[PDB]
Amino acid sequence: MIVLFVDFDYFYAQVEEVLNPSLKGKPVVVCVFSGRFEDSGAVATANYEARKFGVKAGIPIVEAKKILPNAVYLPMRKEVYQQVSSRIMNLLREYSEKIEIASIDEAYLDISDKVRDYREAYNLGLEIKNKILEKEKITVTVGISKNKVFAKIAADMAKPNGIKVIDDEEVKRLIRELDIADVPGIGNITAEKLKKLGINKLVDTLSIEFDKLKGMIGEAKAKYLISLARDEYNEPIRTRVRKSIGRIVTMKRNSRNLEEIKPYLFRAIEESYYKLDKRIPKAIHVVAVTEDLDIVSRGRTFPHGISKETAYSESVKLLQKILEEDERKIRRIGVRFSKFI
DNA sequence: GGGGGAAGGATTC
DNA sequence: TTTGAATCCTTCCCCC
Ligand SMILES: [Ca+2]
Ligand SMILES: [Ca+2]
(Lines give C-alpha, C1' and ligand atoms only; values in the text may rest on other atoms or scores of the structure.)
(Ligands and ions follow the chains in the order given, each with its own letter.)
Protein backbone atom coordinates (compact mmCIF):
# COMPACT_ATOMS: atom_id res chain seq x y z
CA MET A 1 0.00 0.00 0.00
CA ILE A 2 1.18 3.51 -0.82
CA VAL A 3 -0.42 6.36 1.16
CA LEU A 4 -0.37 10.09 0.44
CA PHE A 5 -1.52 12.31 3.35
CA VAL A 6 -2.42 15.98 2.87
CA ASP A 7 -2.34 18.42 5.78
CA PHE A 8 -3.31 22.07 5.11
CA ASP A 9 -0.89 24.46 6.88
CA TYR A 10 -2.18 26.56 9.82
CA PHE A 11 -5.46 26.23 7.99
CA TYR A 12 -7.94 28.58 9.68
CA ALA A 13 -5.35 31.37 9.85
CA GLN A 14 -4.19 30.69 6.28
CA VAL A 15 -7.77 31.03 5.04
CA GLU A 16 -8.16 34.44 6.67
CA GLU A 17 -4.92 35.52 4.93
CA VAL A 18 -6.22 34.31 1.54
CA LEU A 19 -9.48 36.21 2.03
CA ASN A 20 -7.39 39.22 3.13
CA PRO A 21 -3.76 39.14 1.88
CA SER A 22 -2.72 42.26 3.78
CA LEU A 23 -2.57 39.89 6.77
CA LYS A 24 0.39 38.12 5.17
CA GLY A 25 3.58 38.62 7.13
CA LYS A 26 1.64 39.67 10.21
CA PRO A 27 0.96 37.36 13.15
CA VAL A 28 -2.65 36.22 12.76
CA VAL A 29 -4.54 34.52 15.59
CA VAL A 30 -7.89 32.86 14.93
CA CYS A 31 -9.96 32.91 18.10
CA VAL A 32 -13.00 31.30 19.68
CA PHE A 33 -14.44 33.87 22.13
CA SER A 34 -16.41 32.37 25.09
CA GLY A 35 -18.27 35.51 26.16
CA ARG A 36 -18.05 35.34 29.97
CA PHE A 37 -16.04 38.57 29.69
CA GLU A 38 -13.54 40.64 27.71
CA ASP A 39 -11.33 38.36 25.58
CA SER A 40 -12.52 35.23 27.39
CA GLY A 41 -11.81 32.01 25.50
CA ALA A 42 -9.04 30.06 23.76
CA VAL A 43 -7.10 30.44 20.48
CA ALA A 44 -8.10 27.96 17.77
CA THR A 45 -4.97 28.49 15.71
CA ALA A 46 -2.31 31.00 14.73
CA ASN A 47 -0.04 31.48 11.69
CA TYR A 48 3.70 30.87 12.05
CA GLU A 49 4.53 34.55 12.66
CA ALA A 50 2.44 34.30 15.84
CA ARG A 51 3.69 30.83 16.81
CA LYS A 52 7.31 32.01 16.92
CA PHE A 53 6.38 33.83 20.10
CA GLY A 54 4.38 31.12 21.82
CA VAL A 55 0.93 32.06 20.54
CA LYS A 56 -0.62 28.73 19.52
CA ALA A 57 -3.73 26.53 19.57
CA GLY A 58 -5.21 26.39 23.03
CA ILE A 59 -3.57 29.28 24.86
CA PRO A 60 -6.07 31.69 26.45
CA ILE A 61 -6.82 34.71 24.27
CA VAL A 62 -5.97 36.99 27.20
CA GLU A 63 -2.47 35.48 27.33
CA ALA A 64 -1.99 35.63 23.57
CA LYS A 65 -2.77 39.36 23.72
CA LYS A 66 -0.14 39.87 26.41
CA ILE A 67 2.53 38.35 24.16
CA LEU A 68 1.41 39.92 20.87
CA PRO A 69 -0.89 42.86 21.76
CA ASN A 70 -0.74 44.15 18.19
CA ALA A 71 -1.29 40.83 16.40
CA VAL A 72 -4.47 40.43 14.38
CA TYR A 73 -7.13 38.60 16.42
CA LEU A 74 -10.01 37.26 14.34
CA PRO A 75 -13.12 35.28 15.31
CA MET A 76 -13.32 31.69 14.09
CA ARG A 77 -15.41 31.45 10.90
CA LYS A 78 -15.79 27.67 10.70
CA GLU A 79 -18.44 27.81 7.93
CA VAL A 80 -16.02 29.66 5.62
CA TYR A 81 -13.10 27.31 6.37
CA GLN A 82 -15.31 24.26 5.83
CA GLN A 83 -16.39 25.44 2.40
CA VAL A 84 -12.80 26.20 1.35
CA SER A 85 -11.88 22.78 2.74
CA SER A 86 -14.55 20.93 0.77
CA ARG A 87 -13.33 22.49 -2.47
CA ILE A 88 -9.80 21.38 -1.72
CA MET A 89 -10.94 17.86 -0.86
CA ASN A 90 -12.89 17.64 -4.14
CA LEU A 91 -9.71 18.60 -5.96
CA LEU A 92 -8.13 15.67 -4.12
CA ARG A 93 -10.76 13.11 -5.14
CA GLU A 94 -9.29 13.66 -8.63
CA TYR A 95 -6.05 11.96 -7.63
CA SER A 96 -7.77 8.92 -6.13
CA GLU A 97 -11.17 7.39 -5.48
CA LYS A 98 -10.02 5.92 -2.16
CA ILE A 99 -9.80 9.01 0.00
CA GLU A 100 -10.33 9.34 3.75
CA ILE A 101 -11.15 12.81 5.05
CA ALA A 102 -9.85 12.64 8.61
CA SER A 103 -10.86 16.23 9.39
CA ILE A 104 -11.37 19.68 7.99
CA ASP A 105 -7.72 20.01 7.00
CA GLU A 106 -6.48 16.41 6.59
CA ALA A 107 -7.07 13.64 4.06
CA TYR A 108 -5.50 10.28 3.23
CA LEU A 109 -5.18 9.11 -0.34
CA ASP A 110 -4.64 5.41 -1.05
CA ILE A 111 -2.75 5.84 -4.33
CA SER A 112 -1.61 2.25 -4.90
CA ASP A 113 -3.55 1.97 -8.16
CA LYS A 114 -2.29 5.38 -9.28
CA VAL A 115 1.45 5.13 -8.70
CA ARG A 116 4.01 2.33 -8.80
CA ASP A 117 6.82 3.68 -6.63
CA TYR A 118 7.53 6.51 -4.21
CA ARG A 119 9.25 8.60 -6.90
CA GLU A 120 5.92 8.62 -8.77
CA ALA A 121 4.11 9.19 -5.47
CA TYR A 122 6.37 12.12 -4.64
CA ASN A 123 5.75 13.52 -8.11
CA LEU A 124 1.99 13.10 -7.71
CA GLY A 125 2.45 14.99 -4.48
CA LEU A 126 3.93 18.04 -6.17
CA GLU A 127 1.08 17.98 -8.67
CA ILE A 128 -1.46 17.94 -5.82
CA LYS A 129 0.42 20.69 -3.97
CA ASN A 130 0.67 22.96 -7.05
CA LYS A 131 -2.94 22.34 -7.99
CA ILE A 132 -4.09 23.48 -4.54
CA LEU A 133 -1.78 26.51 -4.45
CA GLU A 134 -2.91 27.56 -7.93
CA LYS A 135 -6.59 26.84 -7.50
CA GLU A 136 -7.06 27.97 -3.89
CA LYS A 137 -3.83 29.74 -2.90
CA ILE A 138 -3.49 27.40 0.08
CA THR A 139 -0.17 25.74 0.92
CA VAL A 140 -0.36 22.19 2.27
CA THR A 141 2.13 19.54 3.41
CA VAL A 142 2.19 16.06 1.90
CA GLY A 143 3.29 12.92 3.75
CA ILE A 144 3.88 9.69 1.83
CA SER A 145 4.57 6.21 3.17
CA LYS A 146 3.35 2.62 3.62
CA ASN A 147 0.39 3.32 5.91
CA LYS A 148 -1.80 6.10 7.33
CA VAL A 149 0.26 6.54 10.49
CA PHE A 150 3.67 6.96 8.86
CA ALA A 151 2.12 9.04 6.10
CA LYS A 152 0.93 11.41 8.89
CA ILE A 153 4.30 11.30 10.64
CA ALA A 154 5.87 12.14 7.26
CA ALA A 155 3.67 15.30 7.10
CA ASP A 156 4.39 16.20 10.75
CA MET A 157 8.10 16.26 9.99
CA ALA A 158 7.76 18.25 6.81
CA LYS A 159 5.24 20.92 7.73
CA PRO A 160 4.87 23.71 6.88
CA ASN A 161 4.67 23.81 3.05
CA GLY A 162 6.60 20.55 2.84
CA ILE A 163 6.62 17.11 1.21
CA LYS A 164 8.28 14.00 2.59
CA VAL A 165 8.43 10.30 1.83
CA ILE A 166 9.23 7.65 4.46
CA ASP A 167 10.14 4.36 2.81
CA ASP A 168 10.30 0.93 4.40
CA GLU A 169 13.86 1.56 5.55
CA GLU A 170 13.06 4.85 7.24
CA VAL A 171 10.06 3.19 8.87
CA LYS A 172 12.10 0.43 10.51
CA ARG A 173 14.37 3.20 11.72
CA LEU A 174 11.53 5.35 13.04
CA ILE A 175 10.12 2.35 14.92
CA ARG A 176 13.40 2.45 16.86
CA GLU A 177 14.23 6.16 17.13
CA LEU A 178 10.92 8.05 17.00
CA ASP A 179 9.76 9.51 20.31
CA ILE A 180 6.52 7.62 21.00
CA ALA A 181 4.70 10.84 21.95
CA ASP A 182 4.97 11.76 18.27
CA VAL A 183 2.81 8.76 17.25
CA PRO A 184 -0.57 9.91 15.88
CA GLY A 185 -3.32 9.14 18.36
CA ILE A 186 -0.99 9.22 21.37
CA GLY A 187 -1.70 12.33 23.45
CA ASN A 188 -0.24 13.96 26.59
CA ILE A 189 -2.05 11.67 29.01
CA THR A 190 -1.02 8.50 27.20
CA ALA A 191 2.45 9.88 26.44
CA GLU A 192 3.24 10.37 30.14
CA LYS A 193 1.95 6.93 31.14
CA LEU A 194 4.17 5.37 28.45
CA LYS A 195 7.16 7.15 29.96
CA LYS A 196 6.20 5.46 33.26
CA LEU A 197 6.72 2.04 31.67
CA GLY A 198 10.11 2.79 30.19
CA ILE A 199 8.53 3.22 26.76
CA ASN A 200 9.96 6.11 24.72
CA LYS A 201 10.14 4.41 21.35
CA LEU A 202 7.74 2.17 19.46
CA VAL A 203 10.13 -0.74 19.76
CA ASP A 204 9.90 -0.64 23.56
CA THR A 205 6.31 -2.01 23.59
CA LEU A 206 7.49 -5.39 22.34
CA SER A 207 9.41 -6.14 25.54
CA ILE A 208 6.87 -5.02 28.15
CA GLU A 209 4.15 -7.40 29.35
CA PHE A 210 0.96 -7.08 27.30
CA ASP A 211 -1.35 -7.19 30.33
CA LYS A 212 0.78 -4.49 31.90
CA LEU A 213 0.50 -2.31 28.80
CA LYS A 214 -3.16 -3.24 28.36
CA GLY A 215 -3.73 -2.03 31.90
CA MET A 216 -2.24 1.44 31.74
CA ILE A 217 -3.22 2.80 28.33
CA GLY A 218 -5.96 0.36 27.35
CA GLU A 219 -6.39 -2.72 25.17
CA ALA A 220 -7.11 -0.58 22.08
CA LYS A 221 -4.10 1.72 22.26
CA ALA A 222 -1.94 -1.18 23.48
CA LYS A 223 -2.84 -3.34 20.49
CA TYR A 224 -2.42 -0.25 18.31
CA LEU A 225 1.14 0.58 19.40
CA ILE A 226 2.18 -3.09 19.27
CA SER A 227 0.99 -3.41 15.63
CA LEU A 228 3.01 -0.35 14.66
CA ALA A 229 6.05 -1.71 16.53
CA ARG A 230 5.84 -5.04 14.69
CA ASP A 231 5.28 -3.00 11.55
CA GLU A 232 2.02 -4.78 10.75
CA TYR A 233 -0.23 -1.71 10.94
CA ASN A 234 -3.74 -2.94 10.21
CA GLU A 235 -6.43 -0.44 9.15
CA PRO A 236 -7.18 0.64 5.55
CA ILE A 237 -8.29 3.85 3.93
CA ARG A 238 -12.05 3.96 4.29
CA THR A 239 -14.52 6.80 4.03
CA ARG A 240 -15.44 8.69 7.21
CA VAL A 241 -18.88 9.72 8.38
CA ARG A 242 -19.26 12.56 10.88
CA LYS A 243 -21.13 10.62 13.57
CA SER A 244 -22.22 13.32 16.01
CA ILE A 245 -23.10 17.04 16.00
CA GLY A 246 -23.49 19.31 18.99
CA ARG A 247 -23.00 22.63 20.66
CA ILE A 248 -21.88 23.82 24.07
CA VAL A 249 -22.40 27.39 25.30
CA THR A 250 -21.30 29.55 28.20
CA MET A 251 -23.78 31.22 30.51
CA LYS A 252 -23.37 34.80 31.73
CA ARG A 253 -23.29 33.29 35.22
CA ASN A 254 -23.38 29.94 37.03
CA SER A 255 -26.60 28.35 38.31
CA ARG A 256 -28.65 25.18 38.73
CA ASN A 257 -31.85 27.08 37.91
CA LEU A 258 -33.72 25.24 35.15
CA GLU A 259 -35.53 28.30 33.74
CA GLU A 260 -32.29 30.27 33.66
CA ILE A 261 -30.48 27.47 31.80
CA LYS A 262 -33.26 26.55 29.33
CA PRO A 263 -32.71 29.52 27.01
CA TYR A 264 -29.06 28.49 26.59
CA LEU A 265 -29.94 24.80 26.16
CA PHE A 266 -32.58 25.59 23.55
CA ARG A 267 -30.10 27.83 21.72
CA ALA A 268 -27.68 24.91 21.64
CA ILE A 269 -30.44 22.71 20.19
CA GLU A 270 -31.40 25.22 17.45
CA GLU A 271 -27.79 25.71 16.39
CA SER A 272 -27.27 21.94 16.56
CA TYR A 273 -30.23 21.27 14.27
CA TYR A 274 -29.06 23.92 11.83
CA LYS A 275 -25.85 21.88 11.37
CA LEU A 276 -27.65 18.52 11.25
CA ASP A 277 -28.99 19.69 7.90
CA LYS A 278 -31.02 16.69 6.66
CA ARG A 279 -29.34 14.26 9.09
CA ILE A 280 -31.85 12.63 11.45
CA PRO A 281 -30.40 11.60 14.86
CA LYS A 282 -31.78 8.88 17.15
CA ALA A 283 -29.79 9.77 20.24
CA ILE A 284 -29.33 12.96 22.22
CA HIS A 285 -27.04 13.76 25.13
CA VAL A 286 -26.97 16.84 27.33
CA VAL A 287 -23.62 18.11 28.48
CA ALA A 288 -22.85 20.27 31.51
CA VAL A 289 -19.61 21.80 32.76
CA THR A 290 -19.78 22.41 36.48
CA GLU A 291 -18.43 25.43 38.35
CA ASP A 292 -15.27 23.46 39.15
CA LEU A 293 -14.76 22.80 35.43
CA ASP A 294 -15.93 19.18 35.68
CA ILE A 295 -17.86 17.64 32.78
CA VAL A 296 -21.12 15.71 33.28
CA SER A 297 -23.57 14.44 30.67
CA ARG A 298 -26.74 12.35 30.37
CA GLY A 299 -28.23 11.07 27.15
CA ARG A 300 -30.98 8.85 25.82
CA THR A 301 -31.47 6.81 22.65
CA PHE A 302 -34.70 6.32 20.68
CA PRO A 303 -35.88 3.66 18.15
CA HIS A 304 -36.74 6.41 15.69
CA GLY A 305 -35.37 9.77 14.61
CA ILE A 306 -35.72 12.76 16.94
CA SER A 307 -37.93 15.68 15.81
CA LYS A 308 -36.92 19.08 17.17
CA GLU A 309 -39.92 19.07 19.55
CA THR A 310 -38.89 15.71 20.99
CA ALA A 311 -35.34 17.06 21.19
CA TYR A 312 -36.79 20.00 23.08
CA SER A 313 -38.69 18.00 25.68
CA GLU A 314 -36.18 15.21 26.08
CA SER A 315 -33.28 17.59 26.76
CA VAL A 316 -35.11 19.16 29.70
CA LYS A 317 -35.47 15.73 31.26
CA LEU A 318 -31.79 14.97 30.71
CA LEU A 319 -30.83 18.38 32.10
CA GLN A 320 -33.07 17.78 35.13
CA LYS A 321 -31.59 14.37 35.69
CA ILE A 322 -28.18 16.02 35.66
CA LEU A 323 -29.21 18.74 38.11
CA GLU A 324 -30.58 15.96 40.26
CA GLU A 325 -27.56 13.63 40.19
CA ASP A 326 -25.07 16.51 40.73
CA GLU A 327 -25.11 19.22 43.41
CA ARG A 328 -22.70 21.64 41.72
CA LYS A 329 -23.73 24.79 39.84
CA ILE A 330 -23.56 24.73 36.04
CA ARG A 331 -21.26 27.02 34.11
CA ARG A 332 -21.72 25.71 30.58
CA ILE A 333 -24.55 23.66 29.07
CA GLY A 334 -24.72 22.09 25.64
CA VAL A 335 -26.35 19.30 23.68
CA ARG A 336 -25.05 16.65 21.27
CA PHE A 337 -26.80 14.52 18.67
CA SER A 338 -25.81 11.19 17.20
CA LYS A 339 -26.69 7.81 15.72
CA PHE A 340 -28.12 9.25 12.50
CA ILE A 341 -30.53 7.44 10.19
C1' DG B 1 -18.37 -16.62 28.72
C1' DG B 2 -19.43 -13.31 25.61
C1' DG B 3 -22.18 -10.76 21.84
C1' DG B 4 -24.24 -6.41 21.37
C1' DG B 5 -25.51 -1.94 22.47
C1' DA B 6 -26.35 1.94 25.54
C1' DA B 7 -24.19 5.23 28.72
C1' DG B 8 -21.06 8.50 30.15
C1' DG B 9 -16.36 9.61 31.67
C1' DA B 10 -11.66 10.03 29.33
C1' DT B 11 -8.66 11.61 25.92
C1' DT B 12 -7.48 13.61 21.59
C1' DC B 13 -7.27 17.63 18.90
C1' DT C 1 -5.31 26.18 31.35
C1' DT C 2 -9.01 27.96 28.83
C1' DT C 3 -11.80 26.26 26.30
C1' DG C 4 -14.85 24.06 21.94
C1' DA C 5 -15.96 19.89 18.99
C1' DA C 6 -15.80 15.24 18.32
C1' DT C 7 -14.27 10.63 19.09
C1' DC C 8 -12.20 7.24 22.10
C1' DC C 9 -12.96 3.66 25.03
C1' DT C 10 -13.54 1.47 29.37
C1' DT C 11 -17.86 -0.27 31.56
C1' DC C 12 -22.34 -1.70 32.77
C1' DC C 13 -26.29 -4.41 31.78
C1' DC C 14 -29.68 -7.49 29.21
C1' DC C 15 -29.65 -12.08 28.24
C1' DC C 16 -28.48 -16.30 25.41
CA1 LIG D 1 -2.99 21.53 9.40
CA1 LIG E 1 -5.43 19.83 11.93
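Side chains included, hydrogens not; waters and symmetry mates left out as well; all remaining heavy atoms used. The chains referred to below are lettered A, B, ... by the order of the sequence lines, with proteins before strands, and numbering in each begins at 1.
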Determine the contact category for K339(A): base if any of its heavy atoms lies under 4.0 Å from a base atom, sugar-phosphate if only primed atoms, P, OP1 or OP2 are that close, otherwise nothing. sugar-phosphate

Compare side-chain N and O positions of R298(A) against OP1 and OP2 of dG9(B) and report whether any pair is under 4.0 Å apart. yes

Would you say the rings of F337(A) and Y273(A) are close, in the sense that their centroids are separated by under 6.0 Å? yes

Side-chain N or O of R242(A) closer than 4.0 Å to phosphate OP1/OP2 of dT7(C): yes

Do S255(A) and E260(A) have a side chain donor and acceptor closer than 3.5 Å? yes

Nearest listed nucleotide, side chain of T301(A), among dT2(C), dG4(C), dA6(B): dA6(B)

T190(A) side chain near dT12(B) phosphate (N/O to OP1/OP2, under 4.0 Å): yes

Verify the contact: side-chain N or O of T250(A) to OP1 or OP2 of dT3(C), cut-off strictly under 4.0 Å; return yes or no. no

Value in whole Å for how far the P atom of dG4(C) lies from CD1 of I104(A): 18 Å

By nearest-nucleotide position on DNA chain C, the 5'-leaning member of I245(A) and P60(A) is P60(A)

Could you tell me whether the side chain of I284(A) reaches within less than 4.5 Å of the side chain of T310(A), counting heavy atoms only? no

Using a heavy-atom cut-off of 4.0 Å across all strands, would you classify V296(A) as base, sugar-phosphate, or nothing? sugar-phosphate

Roughly, in whole Å, what's the span from CZ in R300(A) to P in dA7(B)? 9 Å

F37(A) has an atom CZ; how far is it from atom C1' of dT1(C), in whole Å? 12 Å

Look at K193(A) and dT11(B) and indicate whether a side-chain polar atom (N or O) is within less than 4.0 Å of OP1 or OP2. yes

Nearest-neighbour nucleotide for the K221(A) side chain, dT3(C), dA6(B), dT11(B) considered: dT11(B)

Whole angstrom is fine here: how far is it from CG in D182(A) over to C1' in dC13(B)? 15 Å

Within a strict 4.5 Å, meaning less than it, do heavy atoms of the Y95(A) and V115(A) side chains meet? no

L68(A) reachable from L23(A) in the ILVMFWY side-chain graph, under 4.5 Å edges: no

Nearest whole Å is fine: how far is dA6(C) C1' from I101(A) CD1? 16 Å

Any base atoms under 4.0 Å from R331(A), or only sugar-phosphate, or nothing? Heavy atoms, all strands. sugar-phosphate

Out of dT12(B), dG4(C), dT2(C), which nucleotide sits closest to the side chain of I189(A)? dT12(B)

Apply the salt bridge (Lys or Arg N to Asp or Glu O under 4.0 Å) test between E100(A) and each candidate in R238(A), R240(A), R93(A), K152(A); give the one that qualifies. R240(A)

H285(A) has an atom NE2; how far is it from atom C1' of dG9(B), in whole Å? 12 Å

Could you tell me how far apart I186(A) (CD1) and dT7(C) (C1') are, to the nearest whole angstrom? 15 Å

Strictly below 4.0 Å: does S244(A) bring a side-chain N or O up to OP1 or OP2 of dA6(C)? no

Among the candidates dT10(C), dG4(C), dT7(C), find the nucleotide nearest to the side-chain atoms of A220(A). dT10(C)

Contact class for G58(A) (heavy atom, under 4.0 Å): base, sugar-phosphate, or nothing? base

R336(A) side chain, from C-beta outward: closest of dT3(C), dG9(B), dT7(C): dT7(C)

Output the single nucleotide from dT7(C), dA6(C), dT3(C) whose closest atom is nearest the side chain of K243(A). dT7(C)

The nucleotide from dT3(C), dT2(C), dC8(C) with an atom nearest the side chain of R240(A) is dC8(C)

Could you give the NZ-to-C1' distance, from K56(A) to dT1(C), as a whole number of Å? 12 Å

What nucleic acid atoms does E63(A) come within less than 4.0 Å of, heavy atoms only: base, sugar-phosphate, or nothing? nothing

With a non-hydrogen cut-off below 4.0 angstrom, is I61(A) in contact with a base, only sugar-phosphate, or nothing? nothing

Could you pick out which residue, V249(A) or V241(A), lies toward the 5' side of DNA chain C when each is mapped onto its nearest nucleotide? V249(A)

Please assess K137(A) against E17(A) for the test salt bridge (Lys or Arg N to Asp or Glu O under 4.0 Å), listing each intermediate value before the final yes or no. CA-CA 10 Å; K137(A) 299 302 164 191; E17(A) 305 188 335; over 6 Å; no

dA5(C) phosphate, OP1 or OP2: any side-chain N/O from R247(A) under 4.0 angstrom? yes

